[PDB]
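These notes concern the structure reproduced below.
Along the sequence shown, the residues carry numbers beginning at 1.
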Amino acid sequence: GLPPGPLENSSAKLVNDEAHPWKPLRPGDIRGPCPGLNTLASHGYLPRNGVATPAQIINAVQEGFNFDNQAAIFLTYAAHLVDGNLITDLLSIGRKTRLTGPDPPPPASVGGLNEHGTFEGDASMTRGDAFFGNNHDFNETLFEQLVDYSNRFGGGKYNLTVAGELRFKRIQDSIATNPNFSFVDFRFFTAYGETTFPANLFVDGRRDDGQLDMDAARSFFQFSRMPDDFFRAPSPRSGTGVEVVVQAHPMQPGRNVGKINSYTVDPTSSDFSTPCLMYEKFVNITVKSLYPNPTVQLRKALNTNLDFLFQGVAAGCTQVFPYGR
Ligand code: HEM
Ligand SMILES: *[C@@H]1O[C@H](CO)[C@@H](O)[C@H](O)[C@H]1NC(C)=O
Ligand SMILES: *[C@@H]1O[C@H](CO)[C@@H](O)[C@H](O)[C@H]1NC(C)=O
Ligand SMILES: *[C@@H]1O[C@H](CO)[C@@H](O)[C@H](O)[C@H]1NC(C)=O
Ligand SMILES: *[C@@H]1O[C@H](CO)[C@@H](O)[C@H](O)[C@H]1NC(C)=O
Ligand SMILES: CCCCCCCCCCCC(=O)O
Ligand SMILES: [Cl-]
Ligand SMILES: [Mg+2]
């Protein structure tokens, strides 16, 4: 189905309402590394089992949180291309599931958002690095570090100053302890934007002050649960203020090279100076690696989802076509 268009009405409104109550997980219900999608599934903005179409995810992030249309399109189709089933049009917001339908041939994993190295990656704020054995569950120690950073840099609240310090701390902990730490291309970009999302989207829209309290923070990050009477943001947004996060501790894209404390800059990586390159490498290297010589139906589905992806790409970039036209 087509990418949904922006909200007709983007006002702050109650999204924790009678039609979208929080429910606990049933057996089979999938939650993953994204507290946003997790919250939308747990309020029934997405199917509660955590398996959804791209169109469902786009409508959910807009309606539930006032995520802006362009960000919603780019992030949803990028995740779907690398983690979703392109024939069934279904994506797991967590673990690999037979509910996404019959798999394509390898090396495509259709591993859901839990799949490491595709969308999900290292130096997450409240989830551990995949090397430490779990890239998706809420982590109490990490969240207590977010609370500590909120006390030290945010006067008890999560804000872009806290994002700046914590983003860097998580990178330096991954450099120190994960010999397989990877911080290049797609992850380098998403890792910065994600640290703004709590300040931009988890703050009650009647305040919209970019100061997230630790009760609300815990309710989203741990329980996938809106605060009682939660109002979504009063206007569409996603990553606004990411510039403050980068400016706090500017980092070059790089990786550990099989050892802790071996962070090596990758000159082949995109950075914030080459945003078009990040899109080109994502489509030409990542997507094409998972589907090197696709069958005619898969090729059609790929081309359709790549067109959709390109709608989410900022103007100034040229569309790349790994399967032709
Ligand atoms: C647009 C569709 C979305 C997709 C496909 C998506 C996907 C993801 C994925 C796969 C991650 C895990 C990356 C990682 O940390 O390793 C992530 C992280 C995150 N997402 Fe989403 N997301 C979406 C929208 C949103 C929205 C609307 C919000 C907030 C309302 C949000 C908030 C977050 C936050 C805070 C994290 C970081 C969690 C952490 O580091 O502990 N995302 N997202
Ligand atoms: C838009 O939504 C707001 C909040 O729910 C509501 O009060 C208002 O009547 C709506 N206005 C339009 C233009 O539909
Ligand atoms: C959570 O994170 C900490 C440190 O980052 C780690 O030591 C721990 O093994 C993780 N998992 C649990 C179950 O706390
Ligand atoms: C975060 O909170 C601290 C303490 O209240 C404040 O000094 C800082 O200006 C805030 N930053 C932002 C971006 O709101
Ligand atoms: C991707 O492939 C296209 C040709 O299909 C090429 O124009 C483009 O420069 C490549 N982008 C990079 C280097 O990833
Ligand atoms: C999922 C993380 C991405 C969220 C926001 C990314 C920031 C927008 C892209 C670059 C911004 C800029 O260079 O002006
Ligand atoms: Cl929008
Ligand atoms: Mg991660």
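Side chains of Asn180 and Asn256 form no contact here, defined as non-hydrogen atoms less than 4.5 Å apart. Here the side chains of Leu166 and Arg170 are in contact, with some heavy-atom distance below 4.5 Å. Residues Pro104 and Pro294 fail the side-chain proximity criterion, which asks for heavy atoms closer than 4.5 Å. Considering only heavy atoms from C-beta on, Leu75 comes within 4.5 Å of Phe119 through its side chain. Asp271 places none of its side-chain heavy atoms less than 4.5 Å from the side chain of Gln252. Side-chain contact between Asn114 and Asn135: present, with at least one pair of heavy atoms (C-beta onward) separated by less than 4.5 Å. Between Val162 and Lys157, the closest side-chain pair of non-hydrogen atoms is not below 4.5 Å. Contact check for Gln211 versus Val203: no side-chain heavy atoms found under the 4.5 Å cut-off.
Side-chain N or O atoms of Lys281 include one that pairs as donor or acceptor with a backbone N or O of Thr268 at under 3.5 Å. Side chain of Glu115 to main chain of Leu113: no donor-acceptor pair is present (N/O by atom type, distance under 3.5 Å, no hydrogens or angles). Proximity of a side-chain donor or acceptor of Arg232 to a complementary backbone N or O of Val15 within less than 3.5 Å is not detected. Within the 3.5 Å criterion, the main-chain N or O of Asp266 finds no donor-acceptor partner in the side chain of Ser269. Between the side chain of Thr274 and the main chain of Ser270, no donor-acceptor pair closer than 3.5 Å is present. Looking at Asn200, its side chain does come within 3.5 Å of a backbone N or O of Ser238 through a donor-acceptor pair. At distances below 3.5 Å, not a single donor-acceptor pair connects side-chain atoms of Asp129 with backbone N or O atoms of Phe131. Put simply, the side chain of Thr196 never gets that close to the backbone of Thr240: no donor and acceptor are under 3.5 Å apart.
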Apply side-chain contact (heavy atoms from CB on, under 4.5 Å) to the pair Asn85 and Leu91, showing each step before the final yes or no. CA-CA 6 Å; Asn85 188 315; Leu91 165 66; over 6 Å; no
Before giving the answer on salt bridge (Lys or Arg N to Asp or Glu O under 4.0 Å), spell out for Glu144 and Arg218 the whole-Å C-alpha distance, their side-chain angles and the decisive distance to 0.1 Å. CA-CA 10 Å; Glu144 284 186 14; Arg218 178 181 287 287; 5.2 Å; no
Evaluate the criterion side-chain contact (heavy atoms from CB on, under 4.5 Å) for residue pair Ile58 and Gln56; output intermediate values, then yes/no. CA-CA 6 Å; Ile58 292 167; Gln56 280 170 320; over 6 Å; no
Show your reasoning for whether side-chain contact (heavy atoms from CB on, under 4.5 Å) applies to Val287 and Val82. CA-CA 6 Å; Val287 170; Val82 304; 4.3 Å; yes
For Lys169 and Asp148, run salt bridge (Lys or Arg N to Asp or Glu O under 4.0 Å): C-alpha distance rounded to whole Å, both residues' side-chain angles, the deciding distance at 0.1 Å, then the answer. CA-CA 12 Å; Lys169 172 58 162 174; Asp148 183 43; over 6 Å; no
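Listed by chain and number, the residues in a ring-ring contact (aromatic ring centres under 6.0 Å, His included) with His116 amount to none (sequence neighbours excluded). Applying the side chain to side chain donor-acceptor pair (under 3.5 Å) test to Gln145 and every residue at least two apart in sequence or in another chain returns nothing. With sequence neighbours left out, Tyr158 forms a ring-ring contact (aromatic ring centres under 6.0 Å, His included) with no residue at all. Scored by the salt bridge (charged side-chain N to carboxylate O under 4.0 Å, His left out) test, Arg48 finds no partners at all (sequence neighbours excluded). With sequence neighbours left out, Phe272 forms a ring-ring contact (aromatic ring centres under 6.0 Å, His included) with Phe188, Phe189, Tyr192. The side-chain contact (heavy atoms from CB on, under 4.5 Å) test applied to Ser10 returns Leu7, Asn66, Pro236, not counting sequence neighbours. The side-chain contact (heavy atoms from CB on, under 4.5 Å) search around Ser124 returns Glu120, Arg127, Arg187, not counting sequence neighbours. Applying the ring-ring contact (aromatic ring centres under 6.0 Å, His included) test to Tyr45 and every residue at least two apart in sequence or in another chain returns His20.
Cluster annotation: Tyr323 and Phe282 are assigned to the same hydrophobic cluster (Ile/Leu/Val/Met/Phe/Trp/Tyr, side-chain heavy-atom contacts under 4.5 Å, transitive). Following chains of ILVMFWY side-chain contacts shorter than 4.5 Å, one cannot reach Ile57 starting from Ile30, and the two form parts of different hydrophobic clusters. Side-chain heavy atoms closer than 4.5 Å link hydrophobic residues (I, L, V, M, F, W, Y) into clusters, and following such links, possibly through other members, connects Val320 to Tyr77. Under the 4.5 Å side-chain heavy-atom criterion for grouping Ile, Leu, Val, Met, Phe, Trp and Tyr, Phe197 is not connected to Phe223 through any hydrophobic cluster. Taking hydrophobic clusters as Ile, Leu, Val, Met, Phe, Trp and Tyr residues chained together by side-chain heavy-atom distances below 4.5 Å, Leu2 shares a cluster with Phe67.
Annotation: the span from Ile73 atom CD1 to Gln62 atom CD amounts to 7.5 Å, rounded to 0.5 Å. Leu290 contributes atom CG, which lies 9.5 Å from atom CG of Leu302 (distance to the nearest 0.5 angstrom). Separating the CZ atom in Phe153 from the OG1 atom in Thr161 is a distance of 9.5 Å, to the nearest 0.5 Å.
Pairs engaging residues 227-256 under the ring-ring contact (aromatic ring centres under 6.0 Å, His included) rule: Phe168-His249, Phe220-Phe230 [sequence neighbours left out]. For residues 291-318, the pairs satisfying side chain to side chain donor-acceptor pair (under 3.5 Å) are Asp307-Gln319, with sequence neighbours left out.
A donor and an acceptor atom, one from each side chain of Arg31 and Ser42, are located under 3.5 Å apart. Side chains of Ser174 and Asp122: no donor on one and acceptor on the other come within 3.5 Å.
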Result block: side-chain N/O donor-acceptor pairs under 3.5 angstrom for residues 93-101, not counting sequence neighbours:
| unit_1 | atom_1 | unit_2 | atom_2 | d |
| --- | --- | --- | --- | --- |
| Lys96 | NZ | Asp103 | OD1 | 3.2 |
| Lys96 | NZ | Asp103 | OD2 | 2.7 |
| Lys96 | NZ | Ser109 | O | 2.8 |
| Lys96 | NZ | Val110 | O | 3.3 |
| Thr97 | OG1 | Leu99 | N | 3.1 |
| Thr100 | OG1 | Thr97 | O | 2.9 |

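The existence of a salt bridge linking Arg167 and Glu194 is excluded, since no basic side-chain nitrogen approaches an acidic carboxylate oxygen closer than 4.0 Å. Electrostatic pairing of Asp204 and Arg207 does not count as a salt bridge here, judged by no charged N lying under 4.0 Å from a carboxylate O.
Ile87 approaches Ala301 most closely through the heavy-atom pair CD1-CB, 4.3 Å. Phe308 and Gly1 make their closest contact through CE1-O, 3.4 Å (heavy atoms, listed as atom of the first residue, atom of the second, distance).
Dense packing is recorded around CG of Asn261, with more than 12 heavy atoms of other residues, nucleotides or ligands lying under 6.0 Å away.
Residues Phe183 and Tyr263 place their aromatic rings such that the two centres sit no closer than 6.0 Å.
A tilted orientation is assigned to the rings of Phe143 and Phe138, their planes being inclined by 30° to 60°.
The hydrophobic cluster containing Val184, built from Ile/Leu/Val/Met/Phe/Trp/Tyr side-chain heavy atoms closer than 4.5 Å, comprises no other residue.
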